[PDB]
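Novice:
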DNA sequence: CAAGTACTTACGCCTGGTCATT
RNA sequence: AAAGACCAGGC
Ligand SMILES: [Zn+2]
Ligand SMILES: [Zn+2]
Ligand SMILES: [Zn+2]
Ligand SMILES: [Zn+2]
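Protein chains in written order, with the deposited numbering: chain Z, 16 to 68, 81 to 874, 888 to 1174; chain D, 1 to 67; chain P, 674 to 721; chain A, 12 to 125; chain C, 242 to 337.
The structure is reproduced here in structure tokens:
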């Protein structure tokens, strides 16, 4: 009834069930669906009603209605909007939002009239692709292909103005928790901070600090090891001693304050630690005087006592710790939580608690598209209400009437969401600089693996310029949640991370059932318990708010786990943690937690019996899925901070069984340890043998590999579309690749790689590519480039039009050839367009005409594939032209293995020149033997061995990381069984001379992938081209015919050479040369009319003593810019 | 995407051996036996048929530009 | 030039055969690692 | 050593001298409460902090799955073989590596160091 | 070379067109440089102040005109100024 | 004459796409 | 088309 020695198929059966039900882009879709179904409604309803005044007006928004996406044309007729139409026409895949409004007008006539404005349109929310609201939801593959969408396309991206935008999950410190940190040299020794948000209902966060004021005293009060706890409240300019804060809540007696702070007075150490804080506040002894003490230190002290007291009470109740409560009588709960913070602080001060780890991932929450679009939507709805209230108020002074449809500006919601998703700056347009940037990037569609990696990405908001190493290091808590390998090199290393395969981000659940169950199933609330009984009882936290105490904690955890396993009161994404050593229990239903599914271990055996695998093997025509497996109490989601109280077995067959015992209390087991690796790192064959940096380099390189990025590339007119000719699925595969759909959309091809030093053209990292293979279609690719042009009417008589310019009708012209354009100004497909040739004929009627047609990029020489005409959003004519250029692999192109072995094609020998085996297998790619040994990439070698054994045998070998049944010796024996050397070597013959090579070369079929970096997209030459308008120096860039930069390090190098003349040529003659006339009496440049030869210097009436100075135009601009700052840089030549 | 005629490493035609490969695999044989029955002795040729992905079937599911 | 054109005759490689040792050396390496583990276990026990 | 509270206002009692009687009196400052004292020790500054860790340890840590357990060391009270052992896990651990054992089975809760 | 009284800006040197380019927009419009816009603001506030001084003003409108003019001169010279609002273009973007 | 504060600086080069404003 | 910002990437 168990799974021994059959485990390898069982774990992969359950993993396949997971990825069949959940999918790879589930976090995005679920976050957005929760946003639309729940967050939008909650935000609109929770917004305060509009109250206007004299008659009274009340406006209330009741319920939302998000329709499916539609496109309102010029005529205004609704029409369903397929996503491909959004991409092609540069539209926005958005769906309108209607809200029912009730307007109650009170005219003081004892009869108020209620008018209902039904289904009021207020904006258009962009709809995530393949969300529950997309028109692509629930459609079969045939239906999607009828809609020209690729069934493999994950979804999870919005479409804004035609582009595809992916919302990156943004990290944030976990709110509603107490974290005790220690600053390095601050005036505070230990600081407990709590970021408090009222169930994300309102406000971003209103944090609270409780610090301990170092060791240095305040003159005559601190004479011990460091004391005087102080509290930094929100909206208070300076710090407030904590005892004053406690007394401000109505707890006058120091015994009551201590009871809230210290839970057992039988521990004198904590009392000795808190006594000087009491001594500080001995002076203040009443509630009102304490509130005044707080208030007088606020943003602006009140003139009178009453105003100061009211402001202090408002700060204490509303903003200081709002998650515990914001409704009046909640002062006792706030006192208990503030005492908890001080108690954590005192624990850290005495040393009984570890200071909370900074980068501990249980302290981090990921905002997916749900919370982020909620954060923007709350602001935009606040703005819509503000504008409607402004309109009503300015219309009610007249006292005539008021209309909601006129008053509501739909542009607010529509354009705010559109801008935030498009530009990436998260917030209002007016506050772009203060806004977060880098969220909502463009979904890169070079390779399928790149699309998946972009849809599953996490972004630490910390600035990339930080020099501190700690926030970039791989924390231990990332195990199974974030790929240990995938992280971009450069200054964004460790801060842009990618999800592990099994990671799921909690979507959110309202914690009403958990509170109800706890109240019904024993538990004592903080109001109805004597403070002396709290020392020996556990503290139950739900979403961080302290809900009460419990006497029998073990039974509570057992019962709660039972409920979560059977999924009745507790949903599967809710985490429950029992901090045993600290007598705490934390239950989290908060959205943003990162969890992974782990098998449940009871006693010393899995709950995953043979029946479950039996029903999953019959997954079809049995309606057994992952959700049935989870609902049967077999698998359980474990988030990062419950993983601390979980003892995990890596594999069952080796750890559960009795041996010399290491741990006999396992609580969960891992499905397969290969799910720690993320999407782009799971393509690595035998990754456990490589050096880890090589795995990171491959993770970076796989997104840059080349292949069929989506099966409907024919319909999508996208810029920079590389499509490989003959992709091949790897012969040394990893099982994870079955779920990334890498077999269906391969990016690469298997090459008979020889690790040999043939002619020295493979030295350093370069490779020698067989010219004959590249001749027969090896690694050949197509480079589709799309050009978009838009007719427009800008001025009154200023009109753009697509029409072929005649030789003499347009004043502005270029030396290009216009003969390829048809009557419509658009080249028909099939026309072989070379560089500088005109693509889309276009001209503007000047107030006769001025050409604005689109040329090609330099040195492309492509052939037109597809030319499309439509109407854009504004109804003008819109053209998109795609040119394909077959890019045969030449000797500048870049090729990379699946192990970080990268290199340019050094030279392309022909087949006869290539070395050959006794059979006739000449290597397609020869890589350098020197690449391997230092960087210790061994997945490459074992992958060549496994490729040879697999190609001979006929199956596709398994390269799953931790398999323990695929050793090198096993592969070697299987290879020797086929007539080859066990180590993969082969006796090779020199193609030039015919002789055997005295050293046997290691030849094997290795999966090599072509990269987007091609030399024809990197080669630039400059000789007297264009200049900038301002600097009069060569432009910036390859596209602008610009010039290479002679930076400061170059001039330092030249000075070291002692090369004055070459330095002068580079920084004077090669760049901007200029001549100015300078007066001799004053160094200020002089007016110089050269044709009249009348050189005059106003300011001294000088006309004869003038000298010509050759200086760079940059120096002339520097001098004039100084002169506009009143500095006079006189250039005296005497 | 479509079956590469003329195996890259050596040159033997493996462009007519894909439909036969599919039929042979569908009927009885293991992949190695099907490759042998097609006379692909050299493992470079076997890497063509064995590791190919017939994306042209996915491409053909889409409607044409013109009927 | 001359050394590369001789290397055309001689040749150079890298492969699995160069990263595998004799079974005796695998045994010696495993025994050394296990002896080190037993030493570190003894040191942990001594510190405890 | 600890803090003694007043009986009327429950605010802290500060030490004082009774000049006429020559005796240590804990006097209140929120009110006029005065109490005879018996400890004769206002302040204690244990800088060496030679604190035994057994008082802090809570017996519920016995039912922690993640902690290791030995059958070699039995409990001194009930003789139960299994015992969950762990290091200090707190301050002063940078120069202390002694193990602390908590006995298993419900209701024993014995704890000792070896 | 430098007297103290010269340091107080009594005449503001308007930089020539080269320092502040006027890019031609398709032969139809002309987009101005950031210094040109700041100079436009300086000219507006200076003309308003000169007109108010001619009229008589109210000795506090003169104060706000002088404050605005001094701000514009300084922000043309230095926009990084702490404790002062950063100059913005027509949209929200700090001036160079 | 100390204690307080604010200011300035933080690799080089290169490639592409996107967007708002002109 | 222009310089400004951002993003991704290469060494
Ligand atoms: Zn002069
Ligand atoms: Zn072949
Ligand atoms: Zn008293
Ligand atoms: Zn015991």
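Backbone N, C-alpha and C define an ideal beta-carbon position, used for all residues, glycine too.
Would you kindly report the start and end of the unbroken beta strand (DSSP E) that includes residue 65(A)?
Specialist: Neither: residue 65(A) is in no beta strand (DSSP E) and is coded neither H nor E.
Novice: Should residue 92(A) be counted as a contact of ligand 4 given a C-beta to heavy atom distance under 7 Å?
Specialist: No - ligand 4 has no heavy atom lying nearer than 7 Å to the Cβ of residue 92(A).
Novice: Going by DSSP, what residues sit across from residue 757(Z) in a beta bridge?
Specialist: Bridge partners of residue 757(Z): none, in fact.
Novice: Could you tell me which whole beta strand (DSSP E) segments of length 3 or greater appear in the segment 820 to 857 of chain Z?
Specialist: As far as the segment 820 to 857 of chain Z is concerned, it has no whole beta strand (DSSP E) run of at least 3 residues.
Novice: Could you name the residues of chain A that residue 677(Z) contacts, counting a contact when the two beta carbons are closer than 7 Å?
Specialist: Near residue 677(Z) there are no residues of chain A at all, since even the closest Cβ is about 15 Å away, more than 7 Å.
Novice: Going by DSSP, name the residue or residues bridged to residue 783(Z).
Specialist: Residue 783(Z) pairs with 686(P).
Novice: Can you list every residue whose CB sits closer than 7 Å to some heavy atom of ligand 1, going in chain order?
Specialist: The answer, residue by residue, is 1119(Z), 1121(Z), 1122(Z), 1124(Z), 1126(Z), 1137(Z), 1139(Z), 1140(Z) and 1142(Z).
Novice: Shorter than 7 Å, the distance from the beta carbon of residue 89(A) to the closest heavy atom of ligand 4, or not?
Specialist: The answer is yes for residue 89(A).
Novice: Going along the segment 681 to 698 of chain P in order, which residues come within less than 9 Å of chain Z, judged by CB to CB distance?
Specialist: Correct list: 681, 682, 683, 684, 685, 686, 687, 688, 689, 690, 691, 692 and 693.
Novice: Expressed to the nearest angstrom, what Euclidean distance is found between the alpha-carbon atoms of residue 1150(Z) and residue 1088(Z)?
Specialist: For residue 1150(Z) and residue 1088(Z), the distance between alpha carbons rounds to 22 Å.
Novice: With DSSP collapsed to three states, give me the class of residue 1147(Z).
Specialist: It is a strand residue.
Novice: List in chain order the residues whose CB is within less than 6 Å of at least one heavy atom of ligand 3.
Specialist: The set, ordered by position in the chain, is 17(A), 19(A), 20(A), 22(A), 39(A), 41(A), 42(A) and 44(A).
Novice: According to DSSP, residue 123(Z) sits in a beta bridge with which residue or residues?
Specialist: DSSP lists 151(Z) as partners of residue 123(Z).
Novice: Going by the C-beta, is residue 100(A) closer than 7 Å to any heavy atom of ligand 4?
Specialist: False, no ligand heavy atom lies under 7 Å from that Cβ.
Novice: Name the two residues that bound the continuous alpha helix (DSSP H) containing residue 700(Z).
Specialist: Note, residue 700(Z): premise wrong, no alpha helix (DSSP H); not H, not E.
Novice: By the 10 Å Cβ neighbour count, where 16 or more other Cβ atoms means buried, how is residue 96(Z) classified, buried or exposed?
Specialist: So residue 96(Z) counts as buried.
Novice: Per the DSSP calculation, residue 45(A) is bridged to which residue(s)?
Specialist: Beta-bridge pairing links residue 45(A) to 38(A).
Novice: Hey, residue 1143(Z) and residue 1116(Z) are a contact pair by Cβ (cut 8 Å); roughly how many whole angstroms apart?
Specialist: Between residue 1116(Z) and residue 1143(Z) the Cβ distance is about 17 Å, and since that is not below 8 Å, they are no contact.
Novice: Residue range of the alpha helix (DSSP H) that residue 281(Z) falls in?
Specialist: Element bounds for residue 281(Z): 281 to 288.
Novice: Is it the case that the CB of residue 84(A) approaches a heavy atom of ligand 4 more closely than 7 Å?
Specialist: No, the beta carbon of residue 84(A) sits no closer than 7 Å to any heavy atom of ligand 4.
Novice: How many Å lie between residue 734(Z) and residue 26(D) at the Cα?
Specialist: Distance between the alpha carbons of residue 734(Z) and residue 26(D) is about 27 Å.
Novice: Could you say which of 441(Z), 446(Z) and 414(Z) lies nearest to residue 433(Z) if we only look at CA atoms?
Specialist: When only C-alpha atoms are compared, the closest one is 414(Z).
Novice: Using the beta-carbon of each residue, which ones in chain A are nearer than 9 Å to residue 720(P)?
Specialist: Within chain A, the residues near residue 720(P) are 108 and 109.
Novice: I need the residues with a C-beta less than 6 Å from some heavy atom of ligand 2; please give them in chain order.
Specialist: Here the list is 7(D), 9(D), 10(D), 12(D), 42(D), 44(D) and 45(D).
Novice: Using CA coordinates, which residue listed in 694(Z), 1092(Z), 1160(Z) and 149(Z) is at the minimum distance from residue 76(A)?
Specialist: Nearest option by C-alpha distance: 694(Z).
Novice: In this structure, what does DSSP give as the bridge partners for residue 268(Z)?
Specialist: BP columns for residue 268(Z) point to 257(Z).
Novice: Quick one: what does DSSP say residue 713(Z) is sitting in, helix, strand or coil?
Specialist: If DSSP states are grouped into helix, strand and coil, residue 713(Z) belongs with coil.
Novice: Return helix, strand or coil for residue 236(Z), following the three-state DSSP convention.
Specialist: The answer is strand: DSSP assigns residue 236(Z) an E or B state.
Novice: State buried or exposed for residue 653(Z), treating a residue as buried only when at least 16 other CB atoms are found within 10 Å of its CB.
Specialist: Label assigned to residue 653(Z): buried.
Novice: Could you please tell me which residues of the segment 590 to 613 of chain Z, in chain order, have their CB closer than 8 Å to any CB of chain A?
Specialist: Result list: 607, 608 and 610.
Novice: Indicate the three-state DSSP secondary structure (helix, strand or coil) for residue 387(Z) in the structure shown.
Specialist: Reduced to three states, the DSSP call for residue 387(Z) is coil.
Novice: Classify residue 83(A) as buried or exposed, calling it buried when 16 or more other Cβ atoms lie within 10 Å of its own Cβ.
Specialist: Exposed: under 16 other Cβ atoms inside 10 Å.
Novice: Measure from the C-beta of residue 704(P) to each C-beta in chain Z and report whether the shortest distance is under 8 Å.
Specialist: Not closer than 8 Å to any Cβ of chain Z, the Cβ of residue 704(P) fails to qualify, so no.
Novice: Is it right to say residue 299(Z) is buried, meaning 16 or more other beta carbons lie within 10 angstroms of its own, or is it exposed?
Specialist: So residue 299(Z) counts as buried.
Novice: Taking residue 635(Z) as part of the alpha helix (DSSP H), name the residues at either end of that continuous run.
Specialist: Element bounds for residue 635(Z): n/a, residue is neither H nor E.
Novice: Can you have a look at residue 42(Z) and say buried or exposed, based on whether 16 or more other CB atoms are within 10 angstroms of its CB?
Specialist: Classification for residue 42(Z): buried.
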